Every structure is written in structure tokens, then in C-alpha cells.
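**Q** The structure that follows is given in the form of C-alpha cells.
2 protein chains.
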Amino acid sequence: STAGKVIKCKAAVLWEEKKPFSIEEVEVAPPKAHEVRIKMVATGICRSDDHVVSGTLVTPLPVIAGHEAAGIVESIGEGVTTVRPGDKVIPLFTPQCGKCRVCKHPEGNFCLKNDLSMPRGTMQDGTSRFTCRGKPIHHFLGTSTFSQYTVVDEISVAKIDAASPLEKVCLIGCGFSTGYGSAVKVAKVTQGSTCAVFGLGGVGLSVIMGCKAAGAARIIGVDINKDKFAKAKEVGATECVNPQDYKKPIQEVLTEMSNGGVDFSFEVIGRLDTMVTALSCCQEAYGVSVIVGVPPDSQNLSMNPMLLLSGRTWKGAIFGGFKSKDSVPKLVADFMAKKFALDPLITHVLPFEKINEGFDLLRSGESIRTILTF
Amino acid sequence: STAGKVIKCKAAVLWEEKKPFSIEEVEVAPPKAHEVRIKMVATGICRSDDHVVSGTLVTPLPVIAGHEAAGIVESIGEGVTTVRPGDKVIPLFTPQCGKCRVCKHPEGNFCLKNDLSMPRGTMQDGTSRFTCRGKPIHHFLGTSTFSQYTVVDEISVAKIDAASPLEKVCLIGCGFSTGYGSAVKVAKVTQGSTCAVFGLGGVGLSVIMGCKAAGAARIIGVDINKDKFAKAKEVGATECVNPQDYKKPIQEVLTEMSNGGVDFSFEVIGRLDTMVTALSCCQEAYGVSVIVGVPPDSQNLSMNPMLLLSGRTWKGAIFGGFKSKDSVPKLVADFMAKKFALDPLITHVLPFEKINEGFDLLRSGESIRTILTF
Ligand SMILES: NC(=O)c1ccc[n+]([C@@H]2O[C@H](COP(=O)([O-])OP(=O)(O)OC[C@H]3O[C@@H](n4cnc5c(N)ncnc54)[C@H](O)[C@@H]3O)[C@@H](O)[C@H]2O)c1
Ligand SMILES: NC(=O)c1ccc[n+]([C@@H]2O[C@H](COP(=O)([O-])OP(=O)(O)OC[C@H]3O[C@@H](n4cnc5c(N)ncnc54)[C@H](O)[C@@H]3O)[C@@H](O)[C@H]2O)c1
Ligand SMILES: O=CN1CCCCC1
Ligand SMILES: O=CN1CCCCC1
Ligand SMILES: [Zn+2]
Ligand SMILES: [Zn+2]
Ligand SMILES: [Zn+2]
Ligand SMILES: [Zn+2]
């Protein structure tokens, strides 16, 4: 019906940083060879999308942001073999080309065709499929889900279970998987351990969920916003600490309460100082610290290398270490089988047209994940 | 004979930094409860001893430095049960108290009773057993092997095979063990991998021996002193690179020759910039970088957290990750059984009295390990 033809639809365009999104009419070109056009059904507001606005995460403007979503294939380009019109799908911000050295390596997931390192804001062929006022609008990480319709490369899409509830599983697109994998796959939290989680928003609460699934005996949530404590406790936190309540640095407090330092720490805020602080609070001979938060573009941190020399492990990862195409389907299956919960991360549901209000909820500290419905 | 009495002997004292060592007559107190007095037989000159000289490694002065050595027990204090007079022993700069949370932890080595973090330059009891001109002389990491006799705590000493050649196995006291473990136990080099070793001194060569034993297919040694390449090739390097031959930063060169980044990199020099560079040259998605070198006291480095966020693993270790007391004796046994070689790291042998010439050789870049005999 719309197959093979341009579609005109609503999309929230970010014309310049620091500005509200502009809900306008855009035109979405039909898919080319190995491209897939998807009808968005639900998209979550992740803090990284707000990073495109604030300048924290750099990518070419003007742009259609959004990367945490779920939709239905409207049509496929020639040669696509992994999805079909009608399929429920989850757009993949980190692609899985299956052919590069990282895709072939058993532990890598940062596919070399990503658009994160040298951001082009385009589709794999170097062009855009979006147009607004006669001008080309960039893509965001081969996803751009803040639109009723988007076009993604085949290596940036995964087919999921036809009965999943897309208004929930969209979290697997980013928030939930990132948090969870960080703990279980990257850190590899062990049973009986002591974990410290910095930052209690959506990804942090998912870190907490994974630690709790991993068998952790103590999970310390750290946040400067005490309204975040209750939910953190609800998903697994055994204690919660607000750094503003103490007279000494939080690493001292946490090393004191962990009797010497935690086995696993997680930075899930996106601040150079807490990254350092997170590493330090982990046991000096065998502690592991995972950076999940995105730092302000191009800024460096300062740290004493003796923090590593004594035996500490410092690591980071995009999307909880998950090889995107292969895990997303497994993750939805697991959610279908009640292996984990997504509801705790959803505090607000709004119509896509109220996207600007959804960022206001995020910025004021009132929400965790706001789900936008199309 | 000497048992129970003060021994007068020669020791190389370091009265102040930046000075040559002063061979002087010192008084060695008899061992107290759980202490051991050892007669030194062989001690190697490790770059960290020089760090005490240069101010790079800070510990209380005046001091008897020296920490890579092998001797013979002359007498034991009351309550000692692990070694007896006559045993061949290797002093342990990182103790193994067997009772703290790190000693109990299956992966920690950095025993909480070490004298590395808050240097006191005493024996476990807070007192010194060395006297010179009526003045108390500090110990160095509970070892201080640059003396004909020393007194160590029981948790800082290990009993080894009665027939090992002490003029060779003193290298298991520091150099060899640190290198080799760094590769095989800390980094865990994998068969068929590509490794990059920065620094081709005794430890670095030992890092290369461990990479080659782990099954590495490519081992690139990097040093600004080409005189070091031949020996690095001999123990296993497949290529050698000197950063001064290139007009581009060595991380670029390495990334290019490794077709995108190495699987494991090691900084074995002791510079904040090479630490950063070694991290960068490892593949961004799944590379591992291990800091072995000791950096300038209290100095911080600067690096971009995105090098971690894409997937890299950054870590460090004291003594190749080895639990000191349990591994020293096994390592000597394996050397006894010809599992690994120590001769390649020994380029000079000198009588103890010529300790300042041993340092000269190190500093001029002419030697790897100079072994001092008593
Ligand atoms: N690595 C990945 O693959 C990946 C994926 C998604 C998100 N991220 C990043 O993870 C971070 C978390 O995302 P989110 O969606 O949960 O964000 P969010 O804004 O919902 O959560 C962050 C939380 O940190 C807390 N916080 C802020 N300043 C703090 C301070 N000084 N000390 C302690 N706590 C503080 C806030 O109060 C907030 O609850 C972001 O920076 C985002 O870009 C990374
Ligand atoms: N972590 C531990 O437990 C441990 C144990 C022993 C030694 N160490 C540290 O390891 C380092 C190595 O000790 P070593 O005894 O082998 O020292 P060494 O001095 O024999 O070797 C250092 C090597 O680095 C090379 N080098 C110097 N500057 C360089 C630069 N800018 N770029 C590239 N190469 C450079 C020198 O030419 C030299 O061959 C020291 O810093 C020592 O303190 C750490
Ligand atoms: O939330 C998505 N992202 C984008 C990829 C880098 C980490 C943050
Ligand atoms: O070679 C010995 N050392 C002392 C312990 C810190 C690392 C260097
Ligand atoms: Zn996100
Ligand atoms: Zn790929
Ligand atoms: Zn101990
Ligand atoms: Zn040493």
C-alpha cells in the first residue's frame, strides 16, 4: 500500500542543540537494497537521547534521535532475508554485521559498522532517507525512532516474537539490556558478592536487576536523588546511599561499609568524577569496575594508575556487551518466559506528540522511563 | 653460632635520594617472634630499587633497599613453623598472611599486610632490626636484600627447593614472576592472539616469555632502545618497534600493523603516557591492557573514558597476580623441571660490593638483570 513509495509522517526533529524537539512533517523514502522500513509502535526516552540535545553525545544535526524502540516492518528492500512485512522488530543502535573481526570474536559486540566512533548521521550507504522542509535530516545510530516511520539497515534490525507487548519490550532496545548485561555479562557479578551502583535511573535499576539475578548478597545503590531509593530497593537494592548526606567522600563511605571495598562497582550516570569514584570504591586487589555512563564529549578524566596496579579491573561496554542481533530476540523470549521484569522501569506513558514533556519529566528527576506511543 | 645475637655485617644503605648507595657496616638484630634472619646469597637489581633512588617510589629514608633475592635461613624466631635454619628461601615483597579478605579471595594477591600502600619501612611490629652509626635504618617492603643479612616477617618468606641455583632463582623473587604472571595469569593471553609489550627490560622480557608460553602468535616488543630488540626476539618477540623511528604516534603504528588493535597490550616501563598509549593500541571492543610499570609517585594520568566504554579492559597487578607464598615454591619447582628459563634475563654478575656499578649498567641501558653475589 505504502510499499515502494515515500511516506509523509510526523517525526520529532532536533534542529539545534539545547532546543526542544520540533514535531513536524517529514518524508521517509522507501527502503533500498537490504534496508527495512518500520512503523514505530513504542519508543523510550533514554538519557542518551537527551545527551544528543545537551551536546554531551555528539552526532550531526539536524537529527531524528531516539534509539530505544519497537515497531512493525512496513516493507523491506531487496535482498533482505531476516525480516518480513508484518514482523515485530527492535531497531539496533549497535549493529551486528556478523562479518567483521569484532562480530566474529566471541567477546566483542561493538560492531565495526557502528555509527558511534566517527558519527556520519546517515544509513550504511552514506545517505539519509529523511527529508524535512526540503532539507536532508540526519539519522541517529542507524535507528532514529522518534518518528512514526524510520528506515534502518538490515544489520541494524532484529525480528522478535510476534506476541510481545511492544510498549514494554522496547526497553530491550537499550535501557534494560544495557544495565542487565553490564552486570551479568561484562562484570559477571558472582553469587554472594557486594555490588555498588552509581546512578539509579533506568539503566542503573537494570544494573541492580542483573546483580540480583547474578546472586549478589548486597547491592548498594548510590544517588544524589533520594526519591530514587524506593524503586531501587524494589528491584534488588539492599541499601541506598546519598553522597550529599555525608561529610566524607563517598568512596570512603562505601569502602568502610563494604569492609574494604566492593567486589563490583558500576558507574551509570555519565560523570568523570563518579567514574573515578566508582573504580576506587571497588576492592584494590580484586575489585572490578564497569563504566556504563556516557561522559561529556571529548573530555578526559584524571586518575592515579596505582588504583590499577594493585589489581583492580576497569572496563566499559556499549549495550551491556550483547551482540545485538543475536541477543535481542533471546532477550524478548526470556521476557516472554517471565525471566525478568520491565514494568518497574516504566513510570510514565505518553503519546508520541508529547515527547518534549517526556524529556521534561526526565530532566526534572521525576521519571525513570517514559514510553512514547505512536 | 650467631643465633640469638646481633650480627655486624655490610649492607648498602641509601641515606638520601639521588645518591649512590653507601656500602656500610650495619647491625642486624636477631629475629623476634615469627621473624626470620636470612643470609643473603644472590639479589638482582630491579628497576624499582632505582625508583627508590630516584624518588619515583616513595618509602622512608634512610633505607636498605633490594627486594628480588634468594638466601639461606641463619636462624628463626619463636613460633616460626614454615622455614628452618639451613633452608634456601626467597623473601616476598608482597606478603601472604593467609588470613585477610584478599589472601582468602581466590584472585587477590595484594595481601593487606603489604608495606606498599602506606609505607612504614618497618617490620610487621612497626620496628626496625637495622642500625647504622647508632641510627635506625628502614626496611623496604619487608625485604631489604641489599645486605649480607636481613630479617623478614614469616608471612614475607617462602621455603624453596634445597637444590635450586639461588644465583638464578632470585629472579623468581620479582622480575620473572611479575612478567610471566602478568601475561599468563592477569592478562591470560590466549593461544593465537597478538600481544604488544612496551618496555624490554627484565620484566618486559618475562612478559614476552609468558605470552609465548600462553600460545601467542604475534608478540610485538616496543622500546626506544633498539639494543634491546635482539634479546626480546630471542625469548619470543616476533617483531620489534622503536617509537622514534616513526613520524606518527606508536598507537597508530600498532593499530595499523595489528589490523585494528591488539588483543593484549602491557605497559612495562613506568610512564603515564605509555600507559595510555598501551591501552589505546589494544582493540577497542575486546582488547585487554595490563599496567605492569610503576608510575612517578602521586602523579595522575589523563585519558578519555570512551577508550573503556567501547569494550576495552584496563588492569594492573603487583607481582604478576601471584599469591606470594604459594607460588614462589611452585615456580622454583617448575624452573627445576625446566618449564621456563631465567638465563636470558641475566646479562651481568657482580660481587655485592660493586652494587653502584650494577645500578650504572641499568641506568645506561646496558643491562637487563645484573645479579649481585654475596
Ligand atoms: N553504555 C551504553 O551502552 C549506555 C546505554 C544507555 C545509556 N548509557 C548512559 O548511562 C547513563 C544512565 O542512563 P539513564 O537512562 O538511566 O539516565 P538517568 O538520567 O535516568 O539516570 C542517571 C541517574 O544518575 C543520578 N545522578 C546524577 N548525578 C549524580 C551524582 N553526582 N552522583 C550520584 N548520582 C547522580 C540521577 O540522579 C539519575 O537518577 C547515561 O549517561 C546514558 O547516556 C550508556
Ligand atoms: N607491578 C609490579 O609488581 C612490578 C614488578 C617489577 C617491576 N615493576 C615496574 O616495571 C618497570 C619495568 O622494570 P624493569 O626492571 O624491567 O626496568 P628496565 O628499566 O629494565 O626496563 C624498562 C624498559 O623501558 C624502556 N623504555 C623507557 N622509556 C621508554 C619509552 N618512553 N618508550 C618505550 N620504551 C621505553 C627502556 O629502554 C627499558 O628497556 C619499572 O617501572 C618497575 O618499577 C612493576
Ligand atoms: O543509549 C545509547 N547509547 C549510544 C551508544 C553509546 C552509549 C549510549
Ligand atoms: O618490583 C617491586 N615493586 C614493589 C611493589 C610495587 C611494584 C614494584
Ligand atoms: Zn539509550
Ligand atoms: Zn560487524
Ligand atoms: Zn593477607
Ligand atoms: Zn622488582
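Residue numbers (PDB author numbering), protein chains in the order written: chain B, 1 to 374; chain C, 1 to 374. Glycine included, every Cβ here is placed at the ideal spot set by N, Cα and C.
Compute the beta-carbon to beta-carbon distance between residue 68 of chain C and residue 94 of chain C, rounded to the nearest angstrom, for a pair I have assumed lies under 8 Å.
**A** Actually they are not in contact, since the Cβ atoms of residue 68 of chain C and residue 94 of chain C sit about 12 Å apart, beyond 8 Å.
**Q** Please list the residues of the segment 257 to 287 of chain C that have a C-beta atom closer than 8 Å to any C-beta atom in chain B, keeping them in chain order.
**A** Look at the segment 257 to 287 of chain C: the residues with a C-beta under 8 Å from a C-beta of chain B are 259, 260, 272, 275, 283, 284, 285, 286.
**Q** Can you pull the chain C residues whose beta carbon is under 7 Å from the beta carbon of residue 108 of chain B, in chain order?
**A** 285, 286, 311
**Q** Tell me, which residues are paired with residue 27 of chain C by DSSP?
**A** According to DSSP, residue 27 of chain C bridges with C:8, C:131.
**Q** Can you have a look at residue 246 of chain B and say buried or exposed, based on whether 16 or more other CB atoms are within 10 angstroms of its CB?
**A** Looking at its Cβ environment, which holds fewer than 16 other Cβ atoms inside 10 Å, residue 246 of chain B is exposed.
**Q** Which term fits residue 114 of chain C, buried or exposed, when burial requires 16 or more other beta carbons within 10 angstroms of its beta carbon?
**A** Buried, because 16 or more other Cβ atoms sit within 10 Å of the Cβ of residue 114 of chain C.
**Q** Which bits of chain B does residue 248 of chain C rub up against, with CB to CB less than 8 Å?
**A** Residues of chain B passing the Cβ test: none, with the nearest at roughly 18 Å.
**Q** Whole angstroms are fine: how far does the CA of residue 238 of chain C sit from the CA of residue 160 of chain C?
**A** 34 Å
**Q** If you draw a straight line from the C-alpha of residue 34 of chain B to the C-alpha of residue 105 of chain B, how long is it?
**A** 24 Å
**Q** What did DSSP end up calling residue 211 of chain B once you bin it into helix, strand or coil?
**A** helix
**Q** Check for me: the alpha helix (DSSP H) holding residue 276 of chain B runs from which residue to which?
**A** 272 to 281 is the extent of the alpha helix (DSSP H) around residue 276 of chain B.
**Q** Which residues of the segment 315 to 344 of chain B have a Cβ closer than 8 Å to any Cβ of chain C? Give them in chain order.
**A** Shown in chain order are the members of the segment 315 to 344 of chain B whose Cβ falls below 8 Å from a Cβ of chain C: 315, 316, 317, 318, 321.
**Q** Quick one: does residue 102 of chain C have its CB under 8 Å from some CB of chain B?
**A** yes
**Q** Helix, strand or coil: how does DSSP classify residue 139 of chain B here?
**A** coil
**Q** Taking just the CA atoms, how far does residue 3 of chain B sit from residue 261 of chain C?
**A** 43 Å
**Q** Can you tell me whether residue 17 of chain B is buried or exposed? The criterion is at least 16 other CB atoms within 10 Å of its CB, across all chains shown.
**A** exposed
**Q** With a threshold of 8 Å between beta carbons, is residue 67 of chain C in contact with chain B?
**A** no
**Q** Find the residues of chain C that neighbour residue 291 of chain B, judging by a C-beta separation of less than 8 Å, and give them in chain order.
**A** 305, 308, 309
**Q** Pick from C:347, C:208, C:242, C:243: whose alpha carbon is nearest that of residue 232 of chain C?
**A** C:208
**Q** Are the beta-carbon atoms of residue 409 of chain B and residue 278 of chain B separated by less than 8 Å?
**A** Within the shown structure, residues of chain B are numbered from 1 to 374, placing residue 409 of chain B beyond reach of any answer.
**Q** Express the C-alpha separation of residue 282 of chain B and residue 372 of chain C in angstroms, rounding to a whole number.
**A** 40 Å
**Q** Determine whether the Cβ of residue 57 of chain B lies closer than 8 Å to any Cβ atom of chain C.
**A** no
**Q** Verify whether the separation of the beta carbon atoms of residue 38 of chain B and residue 328 of chain B is less than 8 Å.
**A** no
**Q** Between residue 46 of chain C and ligand 3, is there a pair consisting of the residue's CB and a ligand heavy atom that are separated by less than 7 Å?
**A** No; taking the cut-off as 7 Å, the Cβ of residue 46 of chain C has no heavy atom of ligand 3 nearer than that.
**Q** Please check the pair residue 57 of chain C and residue 48 of chain C, which I expect to be a contact at CB under 8 Å, by giving their CB distance rounded to whole angstroms.
**A** 6 Å
**Q** Hey, is residue 295 of chain B's beta-carbon within less than 8 Å of any beta-carbon in chain C?
**A** yes
**Q** Using only alpha-carbon positions, find the residue among C:295, C:131, C:287 that is nearest to residue 273 of chain C.
**A** C:295
**Q** Can you check whether the CB of residue 362 of chain C is closer than 8 Å to the CB of residue 176 of chain C?
**A** no
**Q** Got a sec: is the Cβ-Cβ distance from residue 225 of chain B to anything in chain C below 8 Å?
**A** no
**Q** Could you tell me whether any Cβ in chain C is nearer than 8 Å to the Cβ of residue 254 of chain B?
**A** no
**Q** For residue 74 of chain C, which residues in the same chain have their Cβ closer than 7 Å to its Cβ, ignoring the five residues on either side in sequence?
**A** 2, 37, 38, 39, 85, 149
**Q** Let me check understanding here. Comparing Cα to Cα, which of C:230, C:198, C:116, C:354 lies closest to residue 10 of chain C?
**A** C:354
**Q** Please look up how many angstroms separate the CB atoms of residue 190 of chain B and residue 214 of chain B, rounded, as I've assumed it's under 8 Å.
**A** 7 Å
**Q** Interface residues of chain B around residue 302 of chain C at Cβ under 9 Å?
**A** 300, 301, 302, 303
**Q** Residues bridged to residue 218 of chain B by DSSP?
**A** B:194
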